[PDB]
Structures are given as C-alpha cells and as structure tokens.
>>> print(open('structure38.txt').read())   # compact mmCIF, C-alpha atoms and all ligand atoms
# COMPACT_ATOMS: atom_id res chain seq x y z
CA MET A 1 62.47 76.73 -44.97
CA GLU A 2 59.31 78.74 -45.46
CA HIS A 3 57.27 76.58 -47.84
CA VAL A 4 55.80 78.78 -50.53
CA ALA A 5 56.15 77.86 -54.19
CA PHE A 6 57.26 80.37 -56.74
CA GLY A 7 54.31 81.52 -58.86
CA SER A 8 51.57 80.47 -56.41
CA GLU A 9 48.17 82.02 -57.00
CA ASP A 10 47.76 83.43 -53.51
CA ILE A 11 51.40 84.31 -52.76
CA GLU A 12 50.63 87.91 -51.75
CA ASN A 13 48.32 86.60 -48.97
CA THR A 14 51.04 84.22 -47.74
CA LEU A 15 53.84 86.78 -47.69
CA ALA A 16 51.69 89.36 -45.97
CA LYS A 17 52.48 87.57 -42.70
CA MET A 18 56.30 87.49 -43.00
CA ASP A 19 58.78 89.75 -41.19
CA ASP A 20 62.21 90.22 -42.85
CA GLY A 21 63.51 87.11 -41.07
CA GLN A 22 60.78 84.92 -42.48
CA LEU A 23 61.36 86.28 -45.98
CA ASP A 24 64.93 85.01 -45.66
CA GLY A 25 63.56 81.47 -45.48
CA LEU A 26 62.04 81.47 -48.97
CA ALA A 27 63.40 79.23 -51.75
CA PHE A 28 63.47 82.15 -54.18
CA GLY A 29 64.47 85.78 -54.35
CA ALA A 30 61.99 88.38 -53.03
CA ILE A 31 62.07 92.14 -53.26
CA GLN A 32 59.37 94.53 -52.06
CA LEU A 33 59.20 97.86 -53.89
CA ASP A 34 57.16 100.97 -53.25
CA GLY A 35 55.38 102.69 -56.14
CA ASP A 36 58.50 104.69 -56.97
CA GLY A 37 60.72 101.59 -57.15
CA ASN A 38 62.42 102.16 -53.81
CA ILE A 39 63.47 98.94 -52.05
CA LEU A 40 61.54 98.17 -48.88
CA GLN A 41 62.54 94.51 -48.41
CA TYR A 42 65.23 92.37 -50.14
CA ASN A 43 65.77 88.77 -49.06
CA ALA A 44 68.77 86.51 -48.61
CA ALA A 45 68.06 84.37 -51.68
CA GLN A 46 68.06 87.50 -53.90
CA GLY A 47 71.50 88.49 -52.50
CA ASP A 48 72.69 84.99 -53.34
CA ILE A 49 71.68 85.42 -57.02
CA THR A 50 72.93 88.98 -57.50
CA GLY A 51 75.65 89.23 -54.82
CA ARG A 52 74.09 92.40 -53.41
CA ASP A 53 74.11 92.70 -49.62
CA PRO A 54 70.42 92.94 -48.59
CA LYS A 55 70.92 95.41 -45.75
CA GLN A 56 72.84 97.74 -48.04
CA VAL A 57 70.24 98.08 -50.82
CA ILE A 58 67.18 98.74 -48.67
CA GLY A 59 66.26 102.35 -49.28
CA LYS A 60 67.87 102.58 -52.69
CA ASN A 61 65.97 102.98 -55.87
CA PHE A 62 65.87 99.66 -57.78
CA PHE A 63 65.63 101.01 -61.27
CA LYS A 64 67.85 104.03 -60.95
CA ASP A 65 70.62 102.84 -58.61
CA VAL A 66 70.73 99.11 -57.88
CA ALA A 67 69.48 97.43 -61.02
CA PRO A 68 69.75 99.67 -63.96
CA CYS A 69 69.72 96.71 -66.35
CA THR A 70 65.97 96.49 -65.55
CA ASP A 71 65.42 100.12 -66.61
CA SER A 72 63.90 99.08 -69.90
CA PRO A 73 60.39 98.85 -71.33
CA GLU A 74 60.50 95.06 -70.78
CA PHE A 75 60.81 95.39 -66.99
CA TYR A 76 60.61 98.91 -65.56
CA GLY A 77 58.03 99.63 -68.28
CA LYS A 78 55.77 96.85 -67.09
CA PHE A 79 56.26 97.90 -63.47
CA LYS A 80 55.32 101.50 -64.07
CA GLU A 81 52.16 100.56 -66.01
CA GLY A 82 51.15 98.24 -63.21
CA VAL A 83 51.65 100.93 -60.55
CA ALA A 84 49.71 103.46 -62.63
CA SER A 85 46.92 100.94 -63.11
CA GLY A 86 46.88 99.61 -59.50
CA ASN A 87 47.14 96.03 -60.75
CA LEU A 88 50.17 93.95 -61.68
CA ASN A 89 50.69 90.22 -62.27
CA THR A 90 53.26 89.18 -64.84
CA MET A 91 56.00 86.56 -65.29
CA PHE A 92 58.85 86.67 -67.79
CA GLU A 93 62.41 85.59 -68.26
CA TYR A 94 65.21 88.19 -68.01
CA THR A 95 69.01 88.35 -67.83
CA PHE A 96 70.66 90.12 -64.98
CA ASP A 97 74.08 91.48 -66.08
CA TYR A 98 75.02 94.66 -64.14
CA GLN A 99 78.35 94.30 -62.40
CA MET A 100 77.84 90.54 -62.31
CA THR A 101 78.11 87.36 -64.36
CA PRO A 102 75.09 87.32 -66.68
CA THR A 103 72.39 85.27 -64.97
CA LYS A 104 69.21 84.09 -66.62
CA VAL A 105 66.25 84.28 -64.26
CA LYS A 106 62.52 84.02 -64.09
CA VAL A 107 60.81 87.14 -62.77
CA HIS A 108 57.31 87.32 -61.29
CA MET A 109 55.97 90.78 -60.47
CA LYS A 110 52.81 91.09 -58.44
CA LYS A 111 50.99 93.79 -56.54
CA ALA A 112 51.13 93.28 -52.78
CA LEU A 113 48.01 92.95 -50.63
CA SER A 114 48.87 96.37 -49.21
CA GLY A 115 48.20 99.63 -50.99
CA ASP A 116 51.33 100.97 -52.59
CA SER A 117 53.75 98.04 -52.47
CA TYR A 118 54.86 95.60 -55.17
CA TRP A 119 56.68 92.29 -55.17
CA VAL A 120 59.41 91.09 -57.46
CA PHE A 121 60.10 87.37 -57.18
CA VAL A 122 63.20 85.84 -58.84
CA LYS A 123 64.44 82.32 -59.44
CA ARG A 124 67.24 80.84 -61.54
CA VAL A 125 66.37 79.07 -64.82
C1 LIG B 1 70.58 94.23 -63.72
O1 LIG B 1 70.56 95.36 -63.25
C2 LIG B 1 71.20 93.28 -62.94
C3 LIG B 1 71.62 93.45 -61.62
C4 LIG B 1 70.67 93.50 -60.60
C5 LIG B 1 71.17 93.80 -59.32
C6 LIG B 1 70.37 93.64 -58.20
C7 LIG B 1 69.07 93.18 -58.46
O2 LIG B 1 68.30 92.92 -57.38
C8 LIG B 1 68.54 92.93 -59.73
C9 LIG B 1 69.38 93.11 -60.85
>>> encode(input="structure38.txt", output="structure tokens", more="lines below")
Ligand SMILES: *C(=O)/C=C\c1ccc(O)cc1
Amino acid sequence: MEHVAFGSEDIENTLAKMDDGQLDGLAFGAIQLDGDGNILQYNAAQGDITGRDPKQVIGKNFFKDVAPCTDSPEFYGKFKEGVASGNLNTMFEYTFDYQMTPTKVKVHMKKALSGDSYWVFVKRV
C-alpha cells in the first residue's frame, strides 16, 4: 500500500509525487481531471468500485462520456465553479448508478498542486 488517508489536509502535496503505478496503491479511488473534465489519471481502486477499466477511460470526458450520472449541479456544477474560480475543496456523498449497481460513495474534490488539474477521490460508505 501507499499510506495516504482519504480526506487528508495535504493530500495534493502527497499525490504530486506519484506516477500511475503508485496511484494504484492507494486505499481509495483517485481520478485526475483537466479543467474540461477530461480524464488524465484513473486508478485501480476506482475501477474496482465502478467496474471501468482504467486504461480505457483515460482521455475520455468524465462528465459527458464516462460518468454522466455526475452531470448535475450537485457534482459537475461544483466542479465547474471550482475550475472557474481556481479553487476547489469539497466533500459530499453521492450515488453512482450508470450502467452499474447503485453504489453509495463519498466524494472529495480538490484542486491539484499543478495549474489546471483537479482530483476526484472516492470511497465506499
Ligand atoms: C455515474 O455516472 C456513475 C458511473 C460512474 C462511472 C465511472 C466513474 O468513474 C464515476 C461514475
């Protein structure tokens, strides 16, 4: 394992050092998005929750293609405001239900240390 706790105050500093292989060692799902919602990184734990193959969704748009159940003011809406503002740090519960058994999760969205990249962290609840 990579020991990093979900919701940690400095998590963006910690994950700045990880290559895709290290992200696969986290205890929770991790997705890196650009400012347009395109998927830059997607880890193994996220594929285990949603059944998506990580290598197959890199490059796709999260909100438009992969995860349209998040295309809502409660999720996408918060993301877009955060990108527009250049600051994002929010946690909420959500249900993932697109082409899968409905799965209640905790979502943590946070701006990355780098310019135009954003993290989505996910864990089961
Ligand atoms: C809502 O769209 C649920 C499905 C889904 C699929 C993949 C990811 O990563 C999140 C949500």
>>> closest_atom_pairs(input="structure38.txt", of="chain A", to="ligand LIG 1 (chain B)", cutoff="9 Å", atoms="only C-alpha atoms and all ligand atoms", output="JSON lines")
{"residue": "A:29", "atom": "CA", "partner": "B:LIG1", "partner_atom": "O2", "distance": 8.7}
{"residue": "A:30", "atom": "CA", "partner": "B:LIG1", "partner_atom": "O2", "distance": 8.9}
{"residue": "A:31", "atom": "CA", "partner": "B:LIG1", "partner_atom": "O2", "distance": 7.5}
{"residue": "A:42", "atom": "CA", "partner": "B:LIG1", "partner_atom": "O2", "distance": 7.9}
{"residue": "A:46", "atom": "CA", "partner": "B:LIG1", "partner_atom": "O2", "distance": 6.4}
{"residue": "A:47", "atom": "CA", "partner": "B:LIG1", "partner_atom": "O2", "distance": 7.3}
{"residue": "A:49", "atom": "CA", "partner": "B:LIG1", "partner_atom": "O2", "distance": 8.2}
{"residue": "A:50", "atom": "CA", "partner": "B:LIG1", "partner_atom": "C6", "distance": 5.4}
{"residue": "A:51", "atom": "CA", "partner": "B:LIG1", "partner_atom": "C6", "distance": 7.7}
{"residue": "A:52", "atom": "CA", "partner": "B:LIG1", "partner_atom": "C6", "distance": 6.2}
{"residue": "A:57", "atom": "CA", "partner": "B:LIG1", "partner_atom": "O2", "distance": 8.6}
{"residue": "A:62", "atom": "CA", "partner": "B:LIG1", "partner_atom": "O2", "distance": 7.2}
{"residue": "A:63", "atom": "CA", "partner": "B:LIG1", "partner_atom": "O1", "distance": 7.8}
{"residue": "A:65", "atom": "CA", "partner": "B:LIG1", "partner_atom": "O1", "distance": 8.8}
{"residue": "A:66", "atom": "CA", "partner": "B:LIG1", "partner_atom": "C6", "distance": 5.5}
{"residue": "A:67", "atom": "CA", "partner": "B:LIG1", "partner_atom": "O1", "distance": 3.2}
{"residue": "A:68", "atom": "CA", "partner": "B:LIG1", "partner_atom": "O1", "distance": 4.4}
{"residue": "A:69", "atom": "CA", "partner": "B:LIG1", "partner_atom": "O1", "distance": 3.5}
{"residue": "A:70", "atom": "CA", "partner": "B:LIG1", "partner_atom": "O1", "distance": 5.3}
{"residue": "A:71", "atom": "CA", "partner": "B:LIG1", "partner_atom": "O1", "distance": 7.8}
{"residue": "A:95", "atom": "CA", "partner": "B:LIG1", "partner_atom": "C2", "distance": 7.3}
{"residue": "A:96", "atom": "CA", "partner": "B:LIG1", "partner_atom": "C2", "distance": 3.8}
{"residue": "A:97", "atom": "CA", "partner": "B:LIG1", "partner_atom": "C2", "distance": 4.6}
{"residue": "A:98", "atom": "CA", "partner": "B:LIG1", "partner_atom": "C2", "distance": 4.2}
{"residue": "A:99", "atom": "CA", "partner": "B:LIG1", "partner_atom": "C3", "distance": 6.8}
{"residue": "A:100", "atom": "CA", "partner": "B:LIG1", "partner_atom": "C3", "distance": 6.9}
{"residue": "A:102", "atom": "CA", "partner": "B:LIG1", "partner_atom": "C2", "distance": 8.0}
{"residue": "A:103", "atom": "CA", "partner": "B:LIG1", "partner_atom": "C2", "distance": 8.3}
{"residue": "A:122", "atom": "CA", "partner": "B:LIG1", "partner_atom": "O2", "distance": 8.8}
>>> residues_around(input="structure38.txt", residues="residue 107 (chain A)", least_positions_apart="4", cutoff="8 Å", atoms="only C-alpha atoms", output="JSON, numbers by chain")
{"A": [91, 92, 93, 94, 120, 121, 122, 123]}
>>> atom_distance(input="structure38.txt", atom1="CA of residue 89 (chain A)", atom2="CA of residue 111 (chain A)")
6.8 Å
>>> closest_residue(input="structure38.txt", among="A:90, A:79, A:26, A:124", to="residue 104 (chain A)", atoms="only C-alpha atoms")
A:124
>>> residues_around(input="structure38.txt", residues="region 36-41 of chain A", least_positions_apart="3", cutoff="6 Å", atoms="all atoms listed in the file", output="list in words")
residues 31, 32, 33, 58, 59, 60, 61 and 62 of chain A
>>> atom_distance(input="structure38.txt", atom1="CA of residue 1 (chain A)", atom2="CA of residue 112 (chain A)")
21.5 Å
>>> atom_distance(input="structure38.txt", atom1="CA of residue 27 (chain A)", atom2="CA of residue 14 (chain A)")
13.9 Å
>>> closest_residue(input="structure38.txt", among="A:16, A:5, A:83, A:45", to="residue 114 (chain A)", atoms="only C-alpha atoms")
A:16
>>> closest_residue(input="structure38.txt", among="A:108, A:7, A:54, A:117", to="residue 78 (chain A)", atoms="only C-alpha atoms")
A:108
